[PDB]
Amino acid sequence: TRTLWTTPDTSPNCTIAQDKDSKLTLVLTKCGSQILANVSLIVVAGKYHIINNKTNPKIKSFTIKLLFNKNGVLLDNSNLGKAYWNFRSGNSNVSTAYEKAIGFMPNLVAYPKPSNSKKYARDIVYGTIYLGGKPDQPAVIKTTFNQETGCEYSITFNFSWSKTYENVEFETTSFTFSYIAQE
């Protein structure tokens, strides 16, 4: 009941450009009013598997969205597949889909949905991770809370890079952040 996650195996669970082209490893642990989060990404096939910006100069970013309903349940338009996201049990998931995880959602007062009122940057956390664990291959991970439509809550990960990478496999080191919880 304290951790929502993807399991930490290498089985693809995520669709960026094509079905199951990636394994998003995400762990959300509820430390009361904050969620401690840990994330990494392995792209296993398709467009973002091997970066070559000589061949493809404008392939410089992509986005992974987790959309949740009023119950904190994952919506199927999410890039992360529903079968792969649940409370922890051992090194696996519970075999039954969870019904409520409002306690893990980003707080809507802290991180309001888009509206006509002033939009503040505090709903974003920036980090840098490294491709293949190499220190000279940074990519930015921008995490944004509750800015997607078609949901009550959202966490989006945008991965972008400014270097011209040539035949670099897109699999990442791990980043930790936190966010304020809905309840």
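Here the rigid core means the biggest group of C-alpha atoms that line up within 1.5 Å when the two forms are laid on top of each other. From 1 onward, residues are counted along the sequence shown.
Practice task
Compare 22-30 with 111-119 and report which one shows the larger root mean square C-alpha deviation from this form in 8 other deposited structures of this protein once the rigid core is superposed.
Solution key: Most displaced of the pair in 8 other deposited structures of this protein: 111-119.
Problem - Stretch with the higher entry mean CA B-factor, where the candidates are 73-81 and 90-98 - result: Per the PDB record, 90-98.
Problem - Which of 64-72 and 114-122 has higher mean CA B factor, as the PDB entry lists it - result: Higher mean C-alpha B-factor: 114-122.
Exercise for the section: Return the residue from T173, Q18, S160, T25 that has the highest Cα B-factor in the entry. Expected result: Answer, based on the entry's C-alpha B-factors: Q18.
Problem - Out of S40, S154, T143, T55, highest CA B-factor residue - result: The C-alpha B-factor peaks, among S40, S154, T143, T55, at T55.
Exercise for the section: Consider only the C-alpha atoms of the modelled residues in this chain, order them by B-factor as the entry records it, and name the third containing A45: lowest, middle or highest. Expected result: For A45, whose C-alpha B-factor we compare with every modelled residue in the chain, the answer is the middle third.
Practice task
Going by the recorded CA B-factors, say which third of the chain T128 sits in, lowest, middle or highest.
Solution key: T128: CA B-factor falls in the lowest third of its chain.
Exercise for the section: Please rank the C-alpha B-factors of the chain's modelled residues and tell me whether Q34 sits in the lowest, middle or highest third. Expected result: Its C-alpha B-factor belongs to the middle third of this chain's values.
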